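# Descriptive structure summary
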Amino acid sequence: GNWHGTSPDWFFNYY
Amino acid sequence: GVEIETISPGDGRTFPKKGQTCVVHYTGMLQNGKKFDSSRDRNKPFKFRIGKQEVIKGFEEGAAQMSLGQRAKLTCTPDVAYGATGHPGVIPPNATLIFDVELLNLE
Amino acid sequence: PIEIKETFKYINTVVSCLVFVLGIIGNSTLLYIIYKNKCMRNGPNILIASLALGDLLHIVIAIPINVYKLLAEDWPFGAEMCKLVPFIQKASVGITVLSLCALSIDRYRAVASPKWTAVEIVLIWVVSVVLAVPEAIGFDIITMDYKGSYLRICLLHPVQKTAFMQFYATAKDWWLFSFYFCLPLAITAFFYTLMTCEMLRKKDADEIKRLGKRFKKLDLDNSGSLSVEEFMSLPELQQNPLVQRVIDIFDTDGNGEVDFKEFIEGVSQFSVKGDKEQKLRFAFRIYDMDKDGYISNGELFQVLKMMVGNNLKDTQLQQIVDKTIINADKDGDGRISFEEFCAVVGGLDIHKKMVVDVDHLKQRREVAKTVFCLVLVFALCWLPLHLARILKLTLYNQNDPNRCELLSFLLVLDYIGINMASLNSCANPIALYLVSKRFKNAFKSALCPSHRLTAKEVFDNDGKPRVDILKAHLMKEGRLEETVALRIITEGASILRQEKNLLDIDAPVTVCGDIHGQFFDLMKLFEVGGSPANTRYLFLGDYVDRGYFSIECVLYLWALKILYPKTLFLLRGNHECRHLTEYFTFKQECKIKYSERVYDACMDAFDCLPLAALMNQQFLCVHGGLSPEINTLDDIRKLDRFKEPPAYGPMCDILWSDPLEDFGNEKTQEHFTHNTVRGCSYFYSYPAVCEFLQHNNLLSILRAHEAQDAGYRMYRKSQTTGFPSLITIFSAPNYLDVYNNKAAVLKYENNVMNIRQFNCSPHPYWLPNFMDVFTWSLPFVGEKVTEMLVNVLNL
Ligand SMILES: C=CC[C@@H]1/C=C(\C)C[C@H](C)C[C@H](OC)[C@H]2O[C@@](O)(C(=O)C(=O)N3CCCC[C@H]3C(=O)O[C@H](/C(C)=C/[C@@H]3CC[C@@H](O)[C@H](OC)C3)[C@H](C)[C@@H](O)CC1=O)[C@H](C)C[C@@H]2OC
Ligand SMILES: [Ca+2]
Ligand SMILES: [Ca+2]
Ligand SMILES: [Ca+2]
Ligand SMILES: [Ca+2]
Ligand SMILES: [Fe+3]
């Protein structure tokens, strides 16, 4: 998504 | 280029005119003699009218100079036949046609 | 925060499963439609197929892996998946955006002023992959902390080695916003605006005014509508027997008369700028009498009855209509759709014949609907995510104490944006099914005696085919499965390969002449001569060609060879070679009745037939006659029969030689003369026949390969022994259906020779060159409708 976390996702990481 | 070489003469007095219907049996072949169509196999003759542009020009011209009951062979070059376009499924393109034409009846 | 995550985990996993299932099913069905239905390939629909790929590679690989993450509460995979899955999503998004842009540009070209399509597909995929490469080579795995519990995370490394990757990480968001969301919408809006302006200023009055003048002139009663009588008012149309069908097709609303709008719409079907699909749809609707969208048996029969007239019988026309329906029904519903119709008559190029001078549009509804639907779906699916991103970029501030509700809004919006982006890769089949008529019909067709005998139906438990079932089926115009026919022909060739060059046959024996594919006449022959169950048969050759049912004769004769290899004897004819079979109608027979592999198997079986027989130690049976190179039976016995019959040698002489015209009364002593009629082999004389008979101590010779009015002919009686030296047997009654001759069969039993005669039998009719009725009829339809439209409009 569009956050900082432990995931790969479209724009930024996900929680 | 239409040529009529006689196979068997007819009555020699009655010739097709504009307006009426010729009922005939025909058998066509390519230059190799392979049979591509023949109305005799159907056990029913084919009818066509003169002056309505229903058949190819060569066949109509050959029928014009061929008399009632006459049987002849017509040599039709592609300019008086299906030409370079041909007929899908029957006639290959730029083919010279040979027709065994027998005029049965005039109506 | 925590509650939202705990509640949305279940939602995310359900979304992942739903996208998995729907995407796989829909995209697989869409690709199946593209690659089985032959009409779909004509347009830009294959770009749609690429979109399906652009979804499928994403759905089966990236979705399940993420599912594990949704139940892992951490990041369990290594660098490989961390680098692979986001590469897949970026590649899929690039494929979708480039496909939409290229397709919109392509049809802007299409409606305004192919190898290029394949090159464009390749370019789209290459550009998508190369643009997604930096993203894949960007991520990494790092474990920093979680305030006590170290954990690994897949993300952009905070520091990048190269300056290019530092620039990439700095402004990745706007690169993803511009190329993947701004460029598609901008390009599609620009090209659609140009198309709107194109139909704006390209609109004129000249053609409309001229067509209105023609409409007013034709409208005798000035009622604003055209009835049957006003169309018949032109004398030139009184000789066209396709008038009423075209008048009905011009009438779209079914009120019985054509108004100006319907006049324009009907005329527009024949513009120089119209597509081939419009012409083919007009051709389909010509036969589609009741406009149900399907061609059935009855409607086609009536249409061709009106066209042909009384030239053909009812029974044969009905039979060939049933044949066309059977061959052209690719789904077994008993009726022909437009899809199957254009799969059949696609190559006739009759669409180019229906040309008139006019320019009007009735199209641009359907496909414009589809393309705008696809672009709108793409825009709406990545809209919530972009809105969430811009809201976080603008209003989010971690320093603000009033921040918890901002998290509660942004996280839910991000969840919605992720879920919708996931659903987009599984929504294109649904969108196409809802917007497009062609796609909906194709999906409906896919998801939702013509019987073919199988191996269990032909072969029993012992491997011996049941002759009665094959007999009845092939009598009833039935067909056979490819595997069964190939099996029969191949193992029949295997059986025949073991026989010697010269067969030793003892009395009683029945000998038959040329059959030439006359399956029903072959039936009459077997009936007259007695069933093969108790009668030995010697066929002299020519089982194919000159007929329309040769494959039936082949199947049944080698079937009896399967059942009765030792009581049934077959000899080669000259027509079982490459040259004669490709020259005559047998090749097209195999191509239409079966596949070319069946032709190859049939030819291989033909290659294995024996050549000659020795009957009752007194008689020699061949197909043609003697050779100048053959003096004793040993020459025949040493022949290599497993080859193409060469243009010269004892092979060609045995398969092609004929007696002289004046056999038995020839003027000279020349034994052999050149054969001009056949173009090969030689004419042989009565002195030569007597020489061969006396030298080899044979009494008479049986042959075929010459037409006989009575079906048989005994040549001159031999001086030394008093028996007819050469007997020709013909068993093809009504040869080529023009000879009207009889057929004869030769029975030898108890030193008694009896010739039995039989005549022709009815057989179903086939159009020349084994074509269907549509290929027969389409050019005539096109020419007459074009002549009508030229006589009406152009003047
Ligand atoms: C099914 C309904 C259609 C309708 C079919 C019938 C009434 C049955 C009728 C016995 C046709 C035969 O069907 C078994 C078969 O006869 C042939 O085998 C043939 O021996 C042939 O050459 N003939 C037939 C005898 C007259 C001369 C010539 C012909 O002028 O034929 C004409 C012909 C094809 C003209 C085309 C028309 C299209 C133009 O574009 C083209 O212009 C270049 C010229 C035929 C009579 C047409 O007027 C009428 C039809 O077509 C053709 C090789 C193919 C043709 O099947 C189509
Ligand atoms: Ca009117
Ligand atoms: Ca109307
Ligand atoms: Ca219908
Ligand atoms: Ca169907
Ligand atoms: Fe032969």
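Along every chain, residues receive numbers from 1 upward following the written sequence, which is not necessarily the numbering found in the entry; those without coordinates are excluded from display. Here the convention is simple: chains get letters from A, ligands get numbers from 1, in the order in which they are written. The basis for every side-chain value is the complete set of non-hydrogen atoms in the structure, without hydrogens or water. Residues with missing side-chain atoms are left out of burial classes, side-chain pairs and their counts.

- Per the PDB record, this model was obtained through cryo-EM at a reported resolution of 3.30 Å.

- Per the PDB entry, chain C goes by the name Calcineurin-fusion endothelin receptor type-B and belongs to Homo sapiens.
- Its PDB record names the entry "CryoEM structure of Calcineurin-fusion Human endothelin receptor type-B in complex with RES-701-3".

- In the nomenclature of the PDB entry, chain B is known as Peptidyl-prolyl cis-trans isomerase FKBP1B of Homo sapiens.
- UniProt positions are given in the numbering used here, feature names are shortened, and annotations may be inferred rather than shown by experiment. Turning to chain B, the UniProt annotation filed under Catalytic activity states: "[protein]-peptidylproline (omega=180) = [protein]-peptidylproline (omega=0)".
- According to UniProt, the comment filed for chain B under the heading Sequence similarities is "Belongs to the FKBP-type PPIase family. FKBP1 subfamily."

### Topic: the overall build of chain C
- Each helix and strand counted, chain C has 31 helices and 18 strands in total.
- As a reference, a globule follows 2.2 Å times the number of residues to the power 0.38, and the radius of gyration itself is taken over C-alpha atoms. Computed over the C-alpha atoms, the radius of gyration of chain C is 38 Å, more than 25% above the 28 Å expected from 2.2 N^0.38 for a compact globule of 795 residues.
- Oriented by its inertia axes, the alpha-carbon framework of chain C measures out at about 130 × 85 × 45 Å. Each helix is a run of DSSP H or I of at least 4 residues and each strand a run of E of at least 2, with the numbering of both proceeding from the N terminus.

### Describing the interface of chain C and chain B
- The contact criterion used throughout is that any non-hydrogen atoms of two residues lie within 4.5 Å. Taken together, the contact pairs 20 residues of chain C with 22 residues of chain B.
- Buried area, as used here, totals the accessible surface that two parts lose on assembly, with accessibility defined by a 1.4 Å probe and the loss added over both. Taking both partners together, chain C and chain B bury about 1800 Å²; carbon and sulfur atoms supply 50% of that area.
- Note on definitions: salt bridges are taken to be side-chain nitrogens of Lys or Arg within 4 Å of carboxyl oxygens of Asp or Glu. Our enumeration of links across chain C and chain B arrives at 0 salt bridges.
- N or O atoms closer than or at 3.5 Å make up a polar contact, with two conditions inside protein: a donor-capable atom paired with an acceptor-capable one, and, for residues adjacent in sequence, both atoms drawn from side chains. Taken together, chain C and chain B are joined by 5 residue pairs in polar contact.

### Topic: helix α21 (residues 467–475) of chain C
Residues and elements named next belong to chain C.
- Those residues of α21 that sit buried are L470, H473 and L474. The buried residues of α21 all sit within an arc of 90° when viewed along its axis, so they share a single face.
- The elements touched by buried residues of α21 are α20 (455–458), α23 (519–529) and α24 (550–563).
- Positive backbone phi, approximately 65°, marks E477, located one or two places after α21. Per-residue accessibility, obtained with a 1.4 Å probe over protein chains only, is compared with the maximum for each type, and a residue is labelled buried under 20%, exposed over 50%, and partly exposed between these values. As used here, the arc is the angular range of directions from the helix axis to the C-beta atoms.

### Topic: the domain arrangement of chain C
- Just so you know, the domain bounds were taken from an automatic or database domain assignment. Structurally, chain C comprises domain 1 (2–136 + 173–200 + 426–447), domain 2 (138–170), domain 3 (206–362 + 774–794) and domain 4 (482–749).
- For domain 2 of chain C versus domain 3 of chain C, the separation of C-alpha centres amounts to 68 Å.

### Quick look at the interface of chain C and chain A
- Contact with chain C, which involves 31 residues of that partner, is made by 15 residues of chain A.
- Classifying every residue of the side of chain C that touches chain A by side-chain character gives 18 nonpolar, 3 polar and 10 charged. In this classification, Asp, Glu, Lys and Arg are treated as charged, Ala, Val, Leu, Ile, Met, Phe, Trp, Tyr, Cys and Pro as nonpolar, and every other residue, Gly included, as polar.

### Considering a nonpolar patch on the surface
Residues and elements named next belong to chain C.
- Residues qualify for a patch when their relative accessible area is over 30% and they have no salt bridge, like charges being joined within 9 Å and the nonpolar side chains of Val, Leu, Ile, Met, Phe, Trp and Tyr within 5 Å. Areas reported as accessible are Shrake-Rupley estimates using a 1.4 Å probe. Residue values count occlusion only from the protein chains shown. Together, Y192, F372, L376, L380 and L383 line one region of the surface with nonpolar side chains, adding up to about 510 Å² of accessible area.
- Among the elements that take part in the nonpolar patch, helix α15 (residues 366–381) stands out by supplying 3 residues, more than any other.
- Its relative accessible area of 48% is what places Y192 among the partly exposed residues.

### Brief notes about the coordination of the calcium ion (ligand 5)
Residue and element names in this part refer to chain C.
- Water is absent from the atoms considered, so a metal site may look incomplete; donors are defined as N, O and S atoms within 2.8 Å of the metal, or 3.2 Å for Na, K and Ca. Taken together, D329 (OD), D331 (OD), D331 (OD), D333 (OD), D333 (OD), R335 (O), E340 (OE) and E340 (OE) make up the full set of protein donors to the calcium ion (ligand 5), lying 2.5 to 3.0 Å away.
- Mapping the donors of the calcium ion (ligand 5) onto the primary sequence yields the spacing D-x1-D-x1-D-x1-R-x4-E.
- The class of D331 is partly exposed, set by a relative accessible area of 42%.

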